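Report on the structure given below.
Please note: Cβ atoms are built from the backbone with ideal geometry, for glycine as well, and neighbour counts cover all protein chains shown. Bear in mind that the values in this text are calculations on the coordinates, not laboratory data.
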Amino acid sequence: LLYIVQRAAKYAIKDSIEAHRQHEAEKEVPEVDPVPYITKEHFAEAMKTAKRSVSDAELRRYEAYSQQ
Amino acid sequence: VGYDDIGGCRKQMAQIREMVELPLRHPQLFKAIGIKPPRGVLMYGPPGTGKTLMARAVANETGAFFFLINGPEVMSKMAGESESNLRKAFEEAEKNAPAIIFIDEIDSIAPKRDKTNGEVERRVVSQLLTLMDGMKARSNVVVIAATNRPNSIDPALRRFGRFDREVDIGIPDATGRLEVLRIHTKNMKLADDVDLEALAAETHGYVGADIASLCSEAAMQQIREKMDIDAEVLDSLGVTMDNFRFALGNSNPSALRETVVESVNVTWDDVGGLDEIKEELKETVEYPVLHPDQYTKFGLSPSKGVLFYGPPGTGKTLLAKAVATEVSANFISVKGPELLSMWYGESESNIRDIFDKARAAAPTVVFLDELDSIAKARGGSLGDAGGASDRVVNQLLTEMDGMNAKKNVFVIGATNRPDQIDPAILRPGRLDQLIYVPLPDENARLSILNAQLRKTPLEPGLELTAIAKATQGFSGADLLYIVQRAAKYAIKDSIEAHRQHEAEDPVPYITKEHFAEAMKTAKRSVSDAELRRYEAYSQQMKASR
Amino acid sequence: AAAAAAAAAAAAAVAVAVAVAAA
Ligand SMILES: [Mg+2]
Ligand SMILES: [Mg+2]
């Protein structure tokens, strides 16, 4: 869960920095980002890279230890 | 020296200045409050931070008596003479006027009194304890001590009455380094081009004296540029910004001077293919270190670890070299089995020391080559050396995730056997993203071929699309072998042509014939078994989906 | 008059060995 939220924040900062760079460029030729809040799309496209930390073998071993 | 010399530690300057001046400028106010002020302080931190500089500044500015004691100076050869010297020093300080004692390098005169086995030292520390506290302890005097290892002091000495307040003069911040640079460049003559803000941004781990060394080196470079004596050259030196860039590209922080890496010269254009992985690495390394305001705006810490895994020679160490050379953060290149030792606990001691250096000179990047060598599964080995490997992997687990500060440590691991890694390392928080580095495709093989042929002359009509279409299962190492064979055949042709010429420039390019006849022995290194193994590992990772 | 003297003798360490099993 920490990893997924961290990836979402990383995508959000990427969006913020590219928006700021575009704003600076158009100023060359106020709000800092189009939205200071993390959007639903950030979660939507940060879900493609998460995994599961513990395999079923480790889970089974821990379950057996709990049973015994 | 004064208060305009010590820079980058506002809190410590204010704390020491008030403690030393206010009780010696308005004693009536402290009689009105009722309590006496703190009277003993121990300055501690890494070397070259400004402890002795602060002592010098206090001595110069405050008009009271000042007595200085270097550590070993007290001891003498005749029996019971060191304690006589300490008593004489304290009496001299007390008798004349209110005074400030300064004891430099207290670690030499204040051991732990528990691990020591001498006699005179234990009596000198006991005499110090009695002088600092007891019947007729001390009147209208203040004691400052300086140390590099506060843990090497007996705890009985660091209690209220002897050394009540502990000031921590540690590594500066970006603003601190900028202020120190501004202090150190206040007397030399600078050209207008110099911009100290960028220089302070790129000085990622320099502390105190490091900045001074940088300035000195830059000046020396300027001196050896306009010396190839008349006042014409005596005037108009003009330390350019290029001098500072050269000195910064040459020097490294003294903390990492122990583990300075050999200067390998690669660049990002040297890495063919893997464009998206290169951009991902750029994104994960440069954003936390250059843009912390946005991360604190969202209120989350950054991602740190990463693990490359794939067939041998796909370019893992190449990516690591690129990171080492073309990134502003410091690099600690660490070998896998180098850190092991025959003794008991020295492996974990070395690991702790390495990570202490990394966290000291932050932001830092540490490269763990062949992570499966030291970080294997736990308890699998029946016949072991006392579980030394188990303790090593546990030390890594706690050091990469424990009661630490999580300031800036970027761990990159590189192993081609991702099944032998302890699953406790693969969880997010330690190595949170696993990047597979697959075999290049045709558009990546062409890019690689251009990457290694960017310093080579070739025949104008030599197109590499045929070579790319012809290598199918090859890797970057295999393409390297092909180019090396072609070059060696070219060298042979040159040598025989020169022999013919002297029998009684011949070749300026690698011919198509050279490539064609060096492609005879071309070979794919990775077998189908290994490729299927890696594909199965990736599909097992995706099986969670 | 008397005099003092310093002395630093030695230290002793512990090593770690590896063994081989036959399954
Ligand atoms: Mg000093
Ligand atoms: Mg390698």
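Some observations on this one:
- Selection from region B:358-389 of residues that are away from chain C (no Cβ under 14 Å) and of a type outside the set (A, V, I, L, M, F, W, C): B:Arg359, B:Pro363, B:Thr364, B:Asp369, B:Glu370, B:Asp372, B:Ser373, B:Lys376, B:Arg378, B:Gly379
- Neighbours by Cβ (under 6 Å, 6+ apart or cross-chain): first from region B:148-175, closer than 18 Å to B:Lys51 by Cβ; second among the basic types (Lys, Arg) and outside any loop (DSSP other than H, G, I, E, B): B:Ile169/B:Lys51
- Residue match in region B:258-281 (condition: within 13 Å of chain A (Cβ to nearest Cβ), surrounded by fewer than 16 Cβ atoms within 10 Å (Cβ to Cβ) and in a loop (DSSP other than H, G, I, E, B)): no
- Of all residues in region A:6-35, exactly one satisfies the criterion of being facing another protein chain (nearest Cβ under 9 Å), surrounded by fewer than 16 Cβ atoms within 10 Å (Cβ to Cβ) and within 26 Å of B:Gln433 (Cα to Cα), namely A:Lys14.
- Wholly within region B:363-428, helices (runs of 4 or more DSSP H) carrying at least 2 residues that are over 18 Å from B:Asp353 (Cβ atoms), under 25 Å from the mean Cα position of the chain (by Cα) and within 16 Å of ligand 2 (Cβ to nearest atom): B:371-374
- Among the candidates B:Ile482, B:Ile421, B:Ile467, B:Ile412, residue that is more than 16 Å from ligand 1 (Cβ to nearest atom) and in contact with a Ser or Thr (Cβ under 7 Å, 6 or more places away or on another chain): B:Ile421
- Residues of region A:36-46 that are more than 18 Å from B:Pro288 (Cβ to Cβ) and more than 10 Å from every other protein chain (Cβ to nearest Cβ): A:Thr39, A:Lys40, A:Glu41, A:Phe43, A:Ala44, A:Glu45.
- Breaking point among (1) within 16 Å of ligand 1 (Cβ to nearest atom); (2) within 18 Å of B:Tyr436 (Cα to Cα), for B:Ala255: (2)
- So B:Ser381, is it surrounded by fewer than 16 Cβ atoms within 10 Å (Cβ to Cβ) and of a type in the set (S, T, N, Q): yes
- Within region B:69-92, the set of residues being surrounded by fewer than 16 Cβ atoms within 10 Å (Cβ to Cβ) and within 15 Å of ligand 1 (Cβ to nearest atom) comprises B:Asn70 only.
Matching residues to (1) more than 40 Å from the chain's Cα centre (by Cα); (2) surrounded by 15 or more Cβ atoms within 10 Å (Cβ to Cβ):
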site: B:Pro457; (1), (2): no, no
site: B:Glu463; (1), (2): yes, no
site: B:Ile491; (1), (2): yes, no
site: B:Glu496; (1), (2): yes, no
site: B:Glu504; (1), (2): yes, no
site: B:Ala518; (1), (2): yes, yes
site: B:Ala522; (1), (2): yes, yes
site: B:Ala529; (1), (2): yes, no
site: B:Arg532; (1), (2): no, no
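- One residue alone among B:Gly315, B:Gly310, B:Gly299, B:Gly305 is crowded, with 19+ Cβ neighbours inside 10 Å and more than 11 Å from ligand 2 (Cβ to nearest atom), and that residue is B:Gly305.
- Any hit, region B:225-232, residues being under 28 Å from B:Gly170 (Cβ atoms) and assigned to a loop (DSSP other than H, G, I, E, B): no
- The residues listed here are B:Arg430, B:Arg352; of these, the one that is within 14 Å of chain A (Cβ to nearest Cβ) and farther than 22 Å from B:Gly273 by Cα is B:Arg430.
- Verdict on B:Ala358 being away from ligand 1 (no atom under 16 Å from the Cβ) and either outside any helix (DSSP H, G or I) or of a type in the set (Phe, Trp, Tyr) (or both): no
- Residues that are within 16 Å of ligand 1 (Cβ to nearest atom) and crowded, with 16+ Cβ neighbours inside 10 Å, drawn from region B:25-47: B:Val41, B:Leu42, B:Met43, B:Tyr44, B:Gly45, B:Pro46
- Residue within region B:128-142 that is away from ligand 2 (no atom under 16 Å from the Cβ), away from every other protein chain (no Cβ under 14 Å) and within 24 Å of B:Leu53 (Cβ to Cβ) present: yes
- The set of residues in region B:303-332 that are within 12 Å of chain A (Cβ to nearest Cβ) and in contact with a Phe, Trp or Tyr (Cβ under 6 Å, 6 or more places away or on another chain) contains only B:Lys304.
- Matching residues, region B:505-533, being hydroxyl-bearing (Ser, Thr, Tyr) and over 20 Å from B:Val437 (Cβ atoms): B:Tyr509, B:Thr511, B:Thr521
- Of all residues in region B:53-68, those satisfying the criterion of being touching a strand residue (DSSP E or B) at 6+ places or on another chain (Cβ under 9 Å) and either surrounded by 21 or more Cβ atoms within 10 Å (Cβ to Cβ) or under 16 Å from B:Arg10 (Cα atoms) (or both) are B:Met54, B:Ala55, B:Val58.
- Hits in region B:429-443 - residues which are closer than 12 Å to B:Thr471 by Cα and surrounded by fewer than 19 Cβ atoms within 10 Å (Cβ to Cβ): B:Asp441, B:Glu442, B:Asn443
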